[PDB]
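A single chain comes next, written as structure tokens; it is the form deposited in one PDB entry.
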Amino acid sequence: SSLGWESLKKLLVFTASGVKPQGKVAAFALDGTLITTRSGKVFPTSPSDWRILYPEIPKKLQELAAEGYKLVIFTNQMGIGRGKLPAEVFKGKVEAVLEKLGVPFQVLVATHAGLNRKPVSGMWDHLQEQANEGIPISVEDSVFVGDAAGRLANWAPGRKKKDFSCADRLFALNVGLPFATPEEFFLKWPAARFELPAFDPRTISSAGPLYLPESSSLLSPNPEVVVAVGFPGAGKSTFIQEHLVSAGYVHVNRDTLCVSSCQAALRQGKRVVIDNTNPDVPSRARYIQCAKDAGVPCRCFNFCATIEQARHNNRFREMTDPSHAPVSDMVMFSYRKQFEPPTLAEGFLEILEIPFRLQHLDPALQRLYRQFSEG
């Protein structure tokens, strides 16, 4: 007599019989948190390969339930979106697990990358806004428990490997939920050492100068060549389109083509911006030569975004911009291996630094931007 499964775009929801909406929630990851493999292998041999992680679990869940916490699961299962794990098989496993746990659960399943994939808060928002009958949930009185907690190697005998991910801790961080690992929570073990990602999205503002030094000017009244340098996905093209192309700069993009073109623009009295990655000295030298040959100045706009800032931005645009071209990790690390910072010795008249800043986004999108989006 359960409401049962609901299948949405990039989300599955199960509401067991006996589920009641509540103003506080005790939520859990599934794999590595409530269950683990019965086979003792790192990854399951089959849908049947599971057991309850610790015998202490059902008792704790009963206690929570009697105290009025709505019991919830937030589980990433991208295998489903990748077509590696049938949704209909996974639904059966969840129902079996829920039988064994023996308490009413509401389960949310993130089948794909994006807004619903922990650590992004899409599943919380769905629970609160769509699946709790409109009862506001107090985050401070709630709790999320999960094994992707960013723990270092060896936090326990036989744990010679760090957590595969920090997605569960960061999910709780994004939502504002108190957090605990399965061992801390069910076993009362002392807190384990953990790391957070070096780039913290909450510390990214729209303040500060557009470029440095501020005494410089973005535009030149005369012909010139501007060489843009920085990670793909960092927002260079957007910056270039907005500030130079809109001012009549000619947009060169070597991929779609390079020198003769740059030269042709200069003879016409035009100014040119080379909107590419241009990670190293040989890459850039083509354009400096062109400028030198034409006798026009060559400047570099050096975009400060780190690799993690660029990857964060890429993920954000993947979630919010229908026209965004996804930058692959292959391209990111390839750029990083090639990268040599620009210097004046290369033949640049000057180098402007373009600090990485928050774009001009609506309130909701700014809130999304400050969320960690990868474990």
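One-based numbering along the sequence shown. Between two forms, the rigid core is defined as the largest C-alpha subset superposing within 1.5 Å.
Absent from the display: the form deposited in another entry. The rest refers to it.
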- Message: Taking only shifts of 2 Å or more in Cα after a rigid core superposition between the shown form and the other one, tell me which of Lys91, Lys162, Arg271, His126 qualifies.
- Response: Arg271
- Task: Using a superposition on the rigid core, decide whether the Cα position of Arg151 changes by 2 angstroms or more between the shown form and the other one.
- Result: no
- Classify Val109 as shifted (yes) or not shifted (no) between the shown form and the other one, where shifted means its C-alpha moves by 2 Å or more with the rigid core superposed. no
- Query: Hey, does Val175 budge by 2 Å or more at the Cα between the shown form and the other one once the core is superposed?
  - Reply: no
